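The block underneath contains the structure these notes are about, expressed in structure tokens.
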Number of protein chains: 4
Amino acid sequence: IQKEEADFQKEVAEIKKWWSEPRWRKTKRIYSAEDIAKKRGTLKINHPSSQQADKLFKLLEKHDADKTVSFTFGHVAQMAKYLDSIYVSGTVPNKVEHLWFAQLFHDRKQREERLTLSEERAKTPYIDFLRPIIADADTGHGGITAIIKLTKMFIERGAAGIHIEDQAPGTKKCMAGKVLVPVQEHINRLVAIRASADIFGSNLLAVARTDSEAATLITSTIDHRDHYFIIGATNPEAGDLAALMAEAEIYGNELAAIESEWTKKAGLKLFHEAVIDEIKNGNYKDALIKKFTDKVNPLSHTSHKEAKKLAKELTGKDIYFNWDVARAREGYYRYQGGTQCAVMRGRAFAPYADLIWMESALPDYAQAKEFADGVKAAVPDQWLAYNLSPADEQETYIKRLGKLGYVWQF
Amino acid sequence: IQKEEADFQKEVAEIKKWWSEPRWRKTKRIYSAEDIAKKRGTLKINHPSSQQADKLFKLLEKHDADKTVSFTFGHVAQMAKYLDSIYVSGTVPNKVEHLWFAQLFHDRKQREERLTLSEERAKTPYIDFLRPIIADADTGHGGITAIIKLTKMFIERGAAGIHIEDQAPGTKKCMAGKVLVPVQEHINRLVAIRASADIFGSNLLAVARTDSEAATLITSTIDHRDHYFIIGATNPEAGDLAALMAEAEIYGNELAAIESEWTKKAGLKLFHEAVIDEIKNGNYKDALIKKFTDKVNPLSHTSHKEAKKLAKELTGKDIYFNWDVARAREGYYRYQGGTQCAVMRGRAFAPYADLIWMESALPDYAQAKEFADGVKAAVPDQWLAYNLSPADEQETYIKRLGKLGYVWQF
Amino acid sequence: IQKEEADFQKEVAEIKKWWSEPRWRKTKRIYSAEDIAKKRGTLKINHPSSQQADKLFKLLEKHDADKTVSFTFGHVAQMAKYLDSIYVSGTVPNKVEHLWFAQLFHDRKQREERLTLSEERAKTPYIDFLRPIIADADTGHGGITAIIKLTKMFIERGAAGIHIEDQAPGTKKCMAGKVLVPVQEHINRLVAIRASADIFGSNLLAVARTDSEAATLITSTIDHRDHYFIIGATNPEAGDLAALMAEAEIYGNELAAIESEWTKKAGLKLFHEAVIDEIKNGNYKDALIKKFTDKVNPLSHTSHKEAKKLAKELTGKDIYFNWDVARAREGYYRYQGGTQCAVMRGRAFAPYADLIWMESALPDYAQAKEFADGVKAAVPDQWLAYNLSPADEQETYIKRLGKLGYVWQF
Amino acid sequence: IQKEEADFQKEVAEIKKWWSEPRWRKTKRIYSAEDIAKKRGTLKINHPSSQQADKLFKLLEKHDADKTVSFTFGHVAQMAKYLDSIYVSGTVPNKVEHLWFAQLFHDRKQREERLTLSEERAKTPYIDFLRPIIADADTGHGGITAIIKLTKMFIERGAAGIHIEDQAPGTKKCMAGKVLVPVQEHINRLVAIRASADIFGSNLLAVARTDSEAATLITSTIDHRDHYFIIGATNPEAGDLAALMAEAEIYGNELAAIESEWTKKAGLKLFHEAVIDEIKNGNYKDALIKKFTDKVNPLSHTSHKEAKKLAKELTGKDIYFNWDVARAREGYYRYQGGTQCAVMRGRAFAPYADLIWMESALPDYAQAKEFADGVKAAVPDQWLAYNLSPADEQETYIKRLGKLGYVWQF
């Protein structure tokens, strides 16, 4: 009894000390050290993935200080000569474990070869096979327990970092736009990952990727931060698309025409766009539009009810805006997205993720510049990651992106 | 070229003939035989799970004709003396494959022992280890491709039947009510299961379980058939619960008080309940209430807009009803459920499932009777399954349930 | 009872008919059809691996008739443009299953792409991804039950052929010569493979590789057919090597000297070599040496006792020959091997294997020619396989080897 | 370079210190600390199985000091109330990993339940789910690399101890006696296990079981320590059994008669038995028989050549003894075994195994007493294990066996 309480208090103290090093300088935890200690067992288990995560964190710190890019790629011999880390994506835990075992085997073989040699070692090159591994945690697809168990599996199998997306689970298509989850759902997934890492006692890095730039749908409107980017219909006489297609289910090649007719009938606009295009019809001009834009902007986290209230106070009328009739067949709301939505999502995800990852359909320096500026204006010391969806001036472009703040690209 | 078209046409013809036997007497397929033939490969693969599914279908036909129950349970030696089938639930494909291999091994051993004996076989009892296996397909959790691959895996691993629920994926809790998916989502999952079985050329049975009786939440309001059972707030002055808890995030033990205060402030009622309790205030009585109930009933599949239109035509006023403010933190709409919702869901799932499964929190003969009466009044020859959530008069209760139409219980 | 005996007799009849087609024209079975039928279960299971084995057998028949080589290699897209089969070796069942699934998936995708196109198919090339797979069954390492289960696993996972070696299990080294098993042990393994294939009802091909050419050790002297190739000491005053090294276990670099001294002290010769080098000392010349060589030759299957008896009848003295003192530390007898030992082993393995495989340390046309001549002089219609241990005139060399009788090379 | 040598020397020093604690007080290592350090990688990995092995070693030390038995058995809830350890045998690594995960999960759940309670903990019982696991390493079946990898897998999956047998791999039958390997082969397997544990840096216990008491065959005669127990034929006119059965392969039911006739024709006796029964025919009596028995005894490790030399010096004639004609069909030599052979094998295995395990066909107190006396007379502080092949006075029998020196029974 007394020894049990003594070791529990010692574990709480060591967890609190563990949260004081510069590793967690910008990590936001909603759980107390007592909860993490209670979640742990009576046998303290250490994982080499924690050491790999420490190595990756130190590498990213060095690259951020030096404003240099850490090259990555999706054969272990040449995966350590030219790379600093390996990103694994599609199962995925099996790939991570196999790669970790291969790296350990090659490191063991190299050390056996080198130690048996006593002058000739200087001529023999050294290869650091122990490259930190970034694991894509896209095999959960349900709730929070799945991501907890996935984080446990990744930590046990040597992953130094875990990557998750705000894309809706079970919605990837071979593609008519991506489907997002509310910001709070992705924040909860990140918090679950961090809590699982704390339970396992690992320094595992959390990597969050936002797919809002190319996304066209969102699962729910429950989060106010998304309300700015939700597309609704400004035509009160337009019925629901899903109901219209259900009651008129004609060939799909001809249903594409009914969809086009409905889309033209109801002006699909954002609420701020709707009030802007309505306020141009009737002088009241610059002052009220400017103040509405200042108070209702993509980075304002303003709920749609508050936006309607402000429009009523300014314009003087209740602007019609129904985003339910624009829902897809499965109920996904139409979503605008864009670069500013990506900036908002990255700012929201920064307290819970070590790396903020932005996807791009095409290479555009201006988009990366504005995303980096927004994220580093909200959270200055936030590491950023960049990639392109699947010339010779790519080197200088990568160098410029690294100078922007992107310390992890592939 | 010519041989390729010849074998493709022969495959289409054999698929069309395969869909003519009494096995698919009440199976609704949205795909053509051409699509199923095109989805198949150049190597025709037969699975013993198809024979097991045929055996299970014949057994269920015999039990339905005899109005007898097929006992089941969640050790293969005593799993064939007292049972006709085995239901496997939680991974699950691994359990199904292991059980199938064990059954095959025991059958092989029994036949080896019997064939080596030439009079003494009559004294030796015979055990039919080849019991059809019902597999719980709850490991997908995302989209339609996952359930397709899960059906393929179950067919390859000897499953004679696949069971799915309309409960929301990744929402099971250790429980503040279940979360449902729209009826069309479960119908799509059933159609995907049937299409996968047709692609693999298996007679695999589809078992659909509805959890609407104990459910309290629904993921989306996109399906009109669910609109009757969606709970909304009749108080125009009540704000969103999720927003209120976000802006007031006080201890949870005290947040339980804010939730109670909000719940009391806004009358959480169904729309038909709202118009009933409003129409009692002011005579217009029996005739219009009766006609509204006849036109707006749980088994009417009436959209909420149509219900509001009928109420406006009858009552004369726009009854306030906002189900968005009653959403949970993650965006799940409040759902009523009940036995009539289960009847509606079972009627909708009957064309796509061989077995319709109803869950019960507690054993109630009246609830089972009314569910069976509704389902067999819509679809007469629909097999039913019954189970209780985890005395001596259980035998007569089981016999009565079998006489009702439940041919599969455990 | 009556139906059970009826179906058992029908199964026996269908097995006997199955053994009458030209597939088993040269297959020797020690088990009766009754035993195979009794080993089967009550559920007849068909495997696509049987169809793949039929395809491989037909391909090998065509190549043997045309005296052409079937190219092979140890990426499924280019594994079907340039190859007729794939050999899988190192686990191995997992590789076979993964490759089989990949081939099925690619075939399915190709047929989906082609069937959706109705003229343009002629321009589109056709790729036969369903290449027969040869599986290396080297993961058993113990007894006969292991090879039975391994054959079952390979048949279930799509293997069209199984390859085994006469090398001693658990003796491969990274190499101071290979260790062989007695001929009867490999024959028993081949018989077990054939019996397992008959139990599963598959036309799976058995491939037997002999490693006797480069082998230097043999596990046992129990088989008379090996007695000709066993190395013994002709010096009666030489003690056991293993005992000498046990009682003198000095540094290994110096133990290499004790081994050399012992090897020089005792003349390590074959018994026929010993009697030849002894009969040269003292005239008795051509006639008796010639008759001894005719009666004691590598392809005579003469036991060592019979050889000693013949030498005593001819020479007149008991020639000293002790092969126990030449055993290794673990008890492996010294073995000569050579090409004639390979010919003897291939002749012994021919009744039980569809393909006879000969390994070569270096490419030598004379060695392949003599091996092929011996094997096809014993069993004329025996398919042969050739490979080299791991220029531009390789094409004509392969063509010549194919004309010799080698129908499967890689 | 300099840091590499520095850390290598530090690792060698820490390995040498690790070998100084009372854990390795009686452990014989043939490898140097330099070899173990060179076999390790650049990433030091710690396993909780090492802590479990430490716990098991401390438990066995306490039981040996207290002369008490550690009960074991082949449900984790009741596996910790009544047991101190769990032995896992038949795959087996998968069972060990599953049991280890179950134990960790139950320990985690228990600690979560207890820590959330702050007085009421005293009433709540405590269950130590972390029971050390003994793993049966019988899945290698080939060479030394297999047992090395198996030891690595067991250490990684939470095994606190590894058990191996001297029975021949791939020879277990459902039984006409067990087949043994030479003593040196089992010693090499134990040394490989210890070397693998040292490479992984684990305190894993090695458990060695000898099956010589019930064994009737031995794979090889290469080890002098086995030469005393090898059965040979004393009839010079008897041919080889294997050759006789090969040339007379009549029904097996009638071959059982040929085997009996051959066995009666050739007196199957041990060499000491042969010289004893021959020296009784002709006085020379007590003195020379006594001195031969003293110099040629089961615990003398006398080679057969030395025994023949002593018999020739004493009796005056070369006693005929041929153990090759008594070999089985597969080449296994006839082996006597008995309790004295078990004592010899246990004495030989004691330097390399923490626990010496003796199997018994039937419970006999005298046999266990003599085995314990022999083993503890050679190596005094050697832990012993006892089990019976698969009443109320079993408690006192277990207590007596524990007082003998058996500290681990099940």
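Residues in the structure tokens are named by chain (A, B, ... in the order shown) and by number from 1 within that chain; ligands are numbered from 1 in the order shown.
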**Request:** Based on DSSP run over this structure's backbone, return all residues of region 54-237 of chain A in alpha helix (DSSP H), as a ChimeraX atom specification.
**Result:** /A:54-66,92-115,120-123,145-156,183-200
**Asked** Can you list, as a ChimeraX atom specification, every protein, DNA or RNA residue that comes within 6 Å of region 267-284 of chain A when you count only C-alpha atoms, leaving out same-chain residues fewer than 3 positions away?
**Response** /A:231-234
Please produce a file of the residues just selected, as a short mmCIF file (atom, residue, chain, number, x, y, z; two decimals), in the first residue's frame, where the atoms kept are N, CA, C and O atoms.
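Result went into part28.cif, see below:
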data_model
loop_
_atom_site.label_atom_id
_atom_site.label_comp_id
_atom_site.auth_asym_id
_atom_site.auth_seq_id
_atom_site.Cartn_x
_atom_site.Cartn_y
_atom_site.Cartn_z
N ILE A 231 -20.34 26.24 -47.80
CA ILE A 231 -21.08 26.75 -48.95
C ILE A 231 -22.56 26.49 -48.75
O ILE A 231 -22.97 25.38 -48.41
N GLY A 232 -23.37 27.54 -48.96
CA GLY A 232 -24.81 27.41 -48.88
C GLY A 232 -25.48 28.02 -50.10
O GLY A 232 -24.85 28.68 -50.92
N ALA A 233 -26.78 27.78 -50.19
CA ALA A 233 -27.59 28.26 -51.31
C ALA A 233 -28.30 29.55 -50.91
O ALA A 233 -28.90 29.63 -49.84
N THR A 234 -28.22 30.55 -51.79
CA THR A 234 -28.87 31.84 -51.56
C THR A 234 -30.23 31.93 -52.22
O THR A 234 -30.85 33.00 -52.19
#
Check which residues of chain B sit at most 7 Å from chain A using only C-alpha atoms, and return one row each with the closest pair of atoms and their distance in Å to one decimal, ordered by chain and rising number, as a Markdown table.
| residue | atom | partner | partner_atom | distance |
| --- | --- | --- | --- | --- |
| B:141 | CA | A:141 | CA | 5.5 |
| B:142 | CA | A:170 | CA | 3.7 |
| B:143 | CA | A:170 | CA | 4.3 |
| B:169 | CA | A:142 | CA | 5.9 |
| B:170 | CA | A:142 | CA | 3.8 |
| B:171 | CA | A:143 | CA | 5.9 |
| B:220 | CA | A:331 | CA | 6.3 |
| B:222 | CA | A:331 | CA | 5.3 |
| B:330 | CA | A:222 | CA | 6.7 |
| B:331 | CA | A:222 | CA | 5.2 |
Emit the selected residues as an mmCIF file, in the first residue's frame, including C-alpha atoms.
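Result saved to out-v3.cif:
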data_model
loop_
_atom_site.group_PDB
_atom_site.id
_atom_site.type_symbol
_atom_site.label_atom_id
_atom_site.label_comp_id
_atom_site.auth_asym_id
_atom_site.auth_seq_id
_atom_site.Cartn_x
_atom_site.Cartn_y
_atom_site.Cartn_z
ATOM 1 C CA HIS B 141 -15.338 1.618 -40.028
ATOM 2 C CA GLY B 142 -14.881 3.578 -43.263
ATOM 3 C CA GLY B 143 -16.684 3.949 -46.575
ATOM 4 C CA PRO B 169 -18.747 3.257 -37.013
ATOM 5 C CA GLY B 170 -16.245 4.110 -34.301
ATOM 6 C CA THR B 171 -18.895 5.143 -31.773
ATOM 7 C CA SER B 220 -27.011 12.798 -40.296
ATOM 8 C CA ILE B 222 -30.047 13.376 -44.905
ATOM 9 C CA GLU B 330 -19.256 16.068 -32.280
ATOM 10 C CA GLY B 331 -22.333 17.018 -34.321
#
**Item:** Two-atom distance - CA of residue 196 (chain D), CA of residue 37 (chain D) (Å)
**Value:** 11.7 Å
**Request:** Would you please give, as a ChimeraX atom specification, all residues of region 46-281 of chain C that DSSP assigns to strand (DSSP E) based on the backbone?
**Result:** /C:70-71,86-88,133-136,161-165,178-180,205-210,215-218,232-233,268-269
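Atom pair CA of residue 137 (chain B) / CA of residue 188 (chain B): separated by 14.2 Å.
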**Prompt:** If you measure from CA of residue 97 (chain D) to CA of residue 53 (chain D), what distance in Å do you get, rounded to one decimal?
**Reply:** 15.2 Å
**Request:** Would you list the contacts of residue 2 (chain C) as a list in words, taking every protein, DNA or RNA residue within 12 Å and counting only C-alpha atoms, but skipping same-chain residues closer than 2 positions in sequence?
**Result:**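 So, after excluding close chain neighbours, the residues are residues 118, 119, 121 and 122 of chain B; 4, 5, 6, 7, 8 and 9 of chain C.
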Write the residues you've just listed into a file as a tab-separated table (two decimals), in the first residue's frame, and include N, CA and C atoms for each of them.
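Contents of the output file result-v2.tsv:
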chain	number	residue	atom	x	y	z
B	118	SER	N	-15.15	-50.63	-40.35
B	118	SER	CA	-16.13	-51.23	-41.26
B	118	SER	C	-17.07	-52.17	-40.52
B	119	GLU	N	-20.25	-52.04	-39.34
B	119	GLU	CA	-21.07	-52.44	-38.20
B	119	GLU	C	-20.82	-51.53	-37.00
B	121	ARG	N	-19.60	-48.66	-37.05
B	121	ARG	CA	-19.89	-47.27	-37.37
B	121	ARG	C	-21.27	-46.86	-36.88
B	122	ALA	N	-22.23	-47.78	-36.89
B	122	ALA	CA	-23.58	-47.45	-36.42
B	122	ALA	C	-23.58	-47.07	-34.95
C	4	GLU	N	-23.04	-42.68	-46.79
C	4	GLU	CA	-21.63	-42.45	-46.47
C	4	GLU	C	-20.74	-43.40	-47.25
C	5	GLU	N	-21.08	-44.69	-47.25
C	5	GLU	CA	-20.30	-45.66	-48.02
C	5	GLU	C	-20.41	-45.39	-49.51
C	6	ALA	N	-21.58	-44.96	-49.98
C	6	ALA	CA	-21.75	-44.66	-51.39
C	6	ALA	C	-20.84	-43.52	-51.83
C	7	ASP	N	-20.81	-42.43	-51.05
C	7	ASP	CA	-19.96	-41.31	-51.42
C	7	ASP	C	-18.48	-41.64	-51.24
C	8	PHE	N	-18.13	-42.47	-50.25
C	8	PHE	CA	-16.75	-42.90	-50.12
C	8	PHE	C	-16.30	-43.71	-51.33
C	9	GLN	N	-17.15	-44.63	-51.79
C	9	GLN	CA	-16.81	-45.42	-52.97
C	9	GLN	C	-16.73	-44.54	-54.22
**Message:** What's around region 84-94 of chain C at 8 Å? Count only C-alpha atoms, leave out sequence neighbours fewer than 3 positions away in its own chain, and write the answer as number ranges by chain.
**Reply:** C: 56, 70-74, 79-80, 97-98, 131-137, 139, 150, 153-154, 157
**Request:** Would you list the contacts of residue 190 (chain A) as a list in words, taking every protein, DNA or RNA residue within 8 Å and counting only C-alpha atoms, but skipping same-chain residues closer than 2 positions in sequence?
**Result:**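 That gives residues 164, 186, 187, 188, 192, 193, 194, 206, 208, 352 and 353 of chain A.
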**Nearest residue to residue 29 (chain D) from the set D:180, D:59, D:195, D:346 (distances using only C-alpha atoms)** =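 Smallest distance to residue 29 (chain D) is found for D:195.
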Selection: 6 Å around residue 387 (chain A), only C-alpha atoms, excl. self and same-chain fewer than 2 positions, as a short mmCIF file (atom, residue, chain, number, x, y, z; two decimals) with N, CA and C atoms, in the first residue's frame:
data_model
loop_
_atom_site.label_atom_id
_atom_site.label_comp_id
_atom_site.auth_asym_id
_atom_site.auth_seq_id
_atom_site.Cartn_x
_atom_site.Cartn_y
_atom_site.Cartn_z
N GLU A 359 -0.78 20.45 -47.80
CA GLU A 359 -0.78 19.80 -49.09
C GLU A 359 -1.05 20.82 -50.19
N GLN A 409 10.34 18.33 -46.10
CA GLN A 409 9.72 18.27 -47.42
C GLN A 409 10.06 16.95 -48.09
N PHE A 410 9.17 16.51 -48.98
CA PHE A 410 9.42 15.33 -49.80
C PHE A 410 8.44 15.27 -50.97
#
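You can rank B:372, B:299, B:148, B:176 by their closest distance to residue 344 (chain B) using only C-alpha atoms, and at the top of that list sits B:299.
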Which residues are near residue 156 (chain C)? Cut-off 9 Å, only C-alpha atoms, ignore same chain within fewer than 3 positions. Put them as a PDB file with N, CA, C and O atoms, in the first residue's frame.
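Output contents, as saved in out32.pdb:
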ATOM      1  N   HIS C  47      -8.929 -26.042 -55.336  1.00  0.00           N
ATOM      2  CA  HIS C  47      -8.001 -24.933 -55.254  1.00  0.00           C
ATOM      3  C   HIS C  47      -7.618 -24.451 -56.646  1.00  0.00           C
ATOM      4  O   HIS C  47      -7.374 -25.270 -57.539  1.00  0.00           O
ATOM      5  N   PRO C  48      -7.564 -23.135 -56.867  1.00  0.00           N
ATOM      6  CA  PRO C  48      -7.048 -22.629 -58.149  1.00  0.00           C
ATOM      7  C   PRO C  48      -5.591 -22.984 -58.385  1.00  0.00           C
ATOM      8  O   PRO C  48      -5.134 -22.963 -59.537  1.00  0.00           O
ATOM      9  N   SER C  49      -4.846 -23.307 -57.324  1.00  0.00           N
ATOM     10  CA  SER C  49      -3.480 -23.784 -57.496  1.00  0.00           C
ATOM     11  C   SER C  49      -3.436 -25.071 -58.306  1.00  0.00           C
ATOM     12  O   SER C  49      -2.451 -25.328 -58.998  1.00  0.00           O
ATOM     13  N   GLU C  97       1.658 -16.528 -51.098  1.00  0.00           N
ATOM     14  CA  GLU C  97       0.297 -16.011 -50.987  1.00  0.00           C
ATOM     15  C   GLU C  97       0.218 -14.559 -51.442  1.00  0.00           C
ATOM     16  O   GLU C  97      -0.729 -14.170 -52.134  1.00  0.00           O
ATOM     17  N   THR C 151       3.158 -28.546 -47.687  1.00  0.00           N
ATOM     18  CA  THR C 151       2.502 -28.788 -48.966  1.00  0.00           C
ATOM     19  C   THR C 151       1.053 -28.325 -48.935  1.00  0.00           C
ATOM     20  O   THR C 151       0.567 -27.720 -49.898  1.00  0.00           O
ATOM     21  N   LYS C 152       0.347 -28.597 -47.834  1.00  0.00           N
ATOM     22  CA  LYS C 152      -1.024 -28.112 -47.700  1.00  0.00           C
ATOM     23  C   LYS C 152      -1.074 -26.591 -47.801  1.00  0.00           C
ATOM     24  O   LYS C 152      -1.906 -26.029 -48.523  1.00  0.00           O
ATOM     25  N   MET C 153      -0.172 -25.911 -47.086  1.00  0.00           N
ATOM     26  CA  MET C 153      -0.147 -24.453 -47.103  1.00  0.00           C
ATOM     27  C   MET C 153       0.164 -23.917 -48.494  1.00  0.00           C
ATOM     28  O   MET C 153      -0.457 -22.951 -48.947  1.00  0.00           O
ATOM     29  N   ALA C 159       0.358 -22.080 -54.907  1.00  0.00           N
ATOM     30  CA  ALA C 159       1.573 -22.610 -55.508  1.00  0.00           C
ATOM     31  C   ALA C 159       1.234 -23.700 -56.515  1.00  0.00           C
ATOM     32  O   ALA C 159       0.458 -24.614 -56.221  1.00  0.00           O
ATOM     33  N   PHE C 200      -5.246 -33.231 -50.884  1.00  0.00           N
ATOM     34  CA  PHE C 200      -5.887 -31.977 -51.256  1.00  0.00           C
ATOM     35  C   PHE C 200      -6.494 -32.012 -52.651  1.00  0.00           C
ATOM     36  O   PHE C 200      -7.170 -31.051 -53.035  1.00  0.00           O
TER      37      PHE C 200
END
**Item:** Pick from A:374, A:317, A:263, A:109 nearest to residue 244 (chain A), counting only C-alpha atoms
**Value:** A:263
